[PDB]
Protein chains: 4
Amino acid sequence: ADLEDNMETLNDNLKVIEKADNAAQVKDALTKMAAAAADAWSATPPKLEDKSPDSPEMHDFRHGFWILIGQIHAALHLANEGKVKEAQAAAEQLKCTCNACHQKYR
Amino acid sequence: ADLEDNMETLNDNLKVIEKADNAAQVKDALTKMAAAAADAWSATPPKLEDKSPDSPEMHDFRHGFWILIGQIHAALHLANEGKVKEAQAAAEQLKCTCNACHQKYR
Amino acid sequence: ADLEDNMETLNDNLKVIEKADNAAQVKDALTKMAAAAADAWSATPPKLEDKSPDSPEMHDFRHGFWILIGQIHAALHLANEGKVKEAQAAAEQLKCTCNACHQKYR
Amino acid sequence: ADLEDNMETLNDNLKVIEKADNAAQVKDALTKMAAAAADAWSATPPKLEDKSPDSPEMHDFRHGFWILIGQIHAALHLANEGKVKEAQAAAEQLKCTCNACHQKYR
Ligand code: HEC
Ligand code: HEC
Ligand code: HEC
Ligand code: HEC
Ligand SMILES: [Zn+2]
Ligand SMILES: [Zn+2]
Ligand SMILES: [Zn+2]
Ligand SMILES: [Zn+2]
Ligand SMILES: [Zn+2]
C-alpha cells in the first residue's frame with residue numbers, strides 16, 4: 001500500500017489502542033500497525049524523493065521504521081500476555097517515534 | 001522467492017563476507033542478505049504452519065528477522081566506511097542470530 | 001553521583017548536542033551522557049523503593065538505561081566520524097527513551 | 001570483582017541454567033550473570049591492555065557485553081514469565097556471544 005495509506009492505518013489503529021477495552025482489540029490493532037509499518041519501511045517520502053536510496057537521510061528514514069516495528073512487537077508481546085494496560089502505555093511510547101520521524105521528514 | 005531460496009542467499013553471502021578481500025564485495029553480500037531477510041519476513045516456516053499468521057509465534061519469528069536486519073544494516077555501515085575486518089566480526093555475531101532462530105523454528 | 005545529578009548531566013549534555021555545530025562538542029557531550037547513564041545503572045528510583053532490586057521492575061528499569069546506552073554509543077560512533085547532523089538526528093530518538101522511562105517510572 | 005571472577009560467575013551460572021529444574025534457579029542464575037556482565041563491561045582485558053580506551057577494539061569489547069546483557073535481560077524476562085524451557089534455550093544462545101568475544105579478545 002502507498003505511504004499515505006500506511007500512515008492512515010498507523011494513525012487509525014494507534015487511536016483504537018488508546019481507547020480499547022480488551023487485549024483482543026489491542027492485539028488486532030497492533031498486528032495491523034506492524035504490517036503497515038513494515039510496509040512503509042520501503043517507502044520514499046516526498047521530502048526525500050530525489051535523494052539516493054543509499055543516502056544518509058533515507059537510512060535515517062528507514063531506521064525510524066525499524067525502531068517503530070521493534071516497539072510495536074514489544075507491545076504485541078505485552079498484549080499476547082494479556083497485559084492490556086501495559087500494551088496501551090507502550091502505544092503512547094510509539095507516538096514519540098512517530099513524531100521523531102515527522103519532525104524531520106514530513 | 002520462497003524462504004528456502006532466501007536462506008540460500010543468506011548462507012551464500014555470509015560465506016562471501018568471510019572470505020572477502022574488499023569492502024565492496026562485503027557491501028554487495030550484505031545488501032543481498034538484507035533483501036533476502038526482508039523477503040523472508042512474509043514467509044510461514046513449516047514448523048509454524050499450524051499457527052495463525054498473527055500468532056505470538058509468527059510475530060516472534062518475524063522479530064528474528066527484525067534483529068537480523070538491524071545487524072545486517074550495522075555491518076553494511078562498517079563496509080560502507082571501508083572497515084572490512086570490522087564488518088567480518090559483525091558477521092560472526094550475525095551467525096548467532098541465524099542459529100537462534102533455527103533452534104526455535106527450523 | 002546519584003540519580004538526580006545523573007539526570008541533570010543527561011539533560012544538560014543533550015541540550016549541548018542540540019545546539020552544537022561541531023563534532024568535538026557532540027563527542028564530549030555524548031561521552032558525559034554515557035558516563036551518567038552507566039552511573040545511573042545502580043540507582044533505585046523512588047517509585048520502586050519497595051520492590052526487590054531484582055523484581056521484574058528493577059531489571060526493567062535498568063533495561064531502560066541499557067537502551068539509552070546503546071543509543072548514546074551509536075550517536076558517539078557517528079560523532080567520532082565527524083557526522084554532526086547524523087549524530088544530532090540520533091539524539092532526537094534518544095529523547096523518546098528518556099520519555100519512555102519517565103512515563104513508567106518518574 | 002575482577003574480569004576473571006566475572007567470567008567464572010558467568011560460566012558457573014550458565015551451567016546452573018542448563019542443569020536447572022525450576023524457573024527460580026534459572027532466574028537467580030541469570031540475575032547473577034546480568035551483574036557479572038555489567039561489572040565486566042568496564043574491564044580492560046589483558047589482550048587490549050595497550051590500546052586506547054577509545055580504540056575500535058575497546059569499543060567492540062564493551063559492545064560485546066552490551067549485547068550479552070541484552071540477551072541476559074531477555075532470558076530473565078522469559079524465566080520470570082514461566083517460559084522455563086525458552087529461558088534455558090536462550091541461555092544456550094548466549095554461548096555464541098561469549099565465544100564471539102573470546103575469539104577476538106581472549
Ligand atoms: C518515519 C520513519 C515515520 C514514522 C516512524 C511515522 N511516520 Fe507518519 N508520516 C511520515 C511521513 C514522511 C509522512 C508524510 C507523508 C506524505 O505523503 O507527505 C507521514 C504522514 C503521516 C500522517 C499524514 C498522512 C496524510 O494522509 O496526510 C499521519 C496521520 C501519520 N503520518 C501518522 C503516523 C503515526 C500514528 C505513526 C506512528 C504510530 C507514524 N506516522 C510514524 C513518516 C513517518
Ligand atoms: C528466523 C528468523 C531465521 C533466521 C534469522 C535465519 N534463518 Fe535460516 N532458516 C530458517 C528456517 C525456518 C529455515 C527452514 C526453511 C525450510 O523450508 O526448511 C531455515 C533454513 C536455512 C537454510 C537451509 C539449509 C538448512 O540447513 O536448513 C540455510 C542455508 C539457512 N537457513 C541459513 C541461514 C543464515 C546463514 C542465516 C543468518 C545469516 C539464517 N539462516 C537466518 C529461519 C531463519
Ligand atoms: C567480551 C565481550 C566477553 C564476553 C561477552 C564473554 N567473555 Fe569470557 N572472557 C573474556 C576475556 C577477555 C577473558 C579473559 C580474562 C582474563 O583475564 O584472562 C575471558 C575469560 C573467560 C573464562 C576463563 C576465566 C579464567 O579464569 O581464565 C571463562 C570461563 C569465560 N570467559 C566464560 C564466559 C562465558 C560463559 C561467557 C558468556 C556467558 C563469557 N565468558 C562472555 C571476554 C568475554
Ligand atoms: C530510566 C531508565 C530513565 C531514563 C532512561 C532517563 N531517566 Fe530521567 N529520570 C528517571 C527517573 C526515575 C527520574 C525521577 C527521579 C526522582 O528522584 O524523582 C528522572 C528524572 C529526570 C529529570 C528531573 C531531574 C529533577 O531535578 O527532578 C530530568 C531533567 C531527566 N530525568 C532527564 C533525562 C534525560 C535528558 C534522559 C535521556 C537522555 C533521561 N532523563 C533518561 C529515569 C530515567
Ligand atoms: Zn545505512
Ligand atoms: Zn513477556
Ligand atoms: Zn562508523
Ligand atoms: Zn568488579
Ligand atoms: Zn564506539
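Reckoned from all heavy atoms, side chains included, excluding hydrogens, waters and symmetry mates. Chain letters run A, B, ... following the sequence lines, proteins first and then strands; every chain starts at 1.
Using a 4.5 Å cut-off on side-chain heavy atoms (C-beta onward), B/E92 and D/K104 make no contact.
Rounding to the nearest 0.5 Å places SG of B/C96 at 12.5 Å from NZ of D/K95.
Remark: B/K47 NZ is packed, more than 12 non-hydrogen atoms of other residues, nucleotides or ligands lying under 6.0 Å away. For B/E18, the CD atom sits in a packed shell: over 12 heavy atoms of surrounding residues, nucleotides or ligands are nearer than 6.0 Å. Crowding of B/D2 atom CG: a count of heavy atoms from other residues, nucleotides or ligands under 6.0 Å exceeding 12.
In plain terms, the two heavy atoms of D/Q93 and B/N99 that are nearest each other are NE2-O, 3.5 Å.
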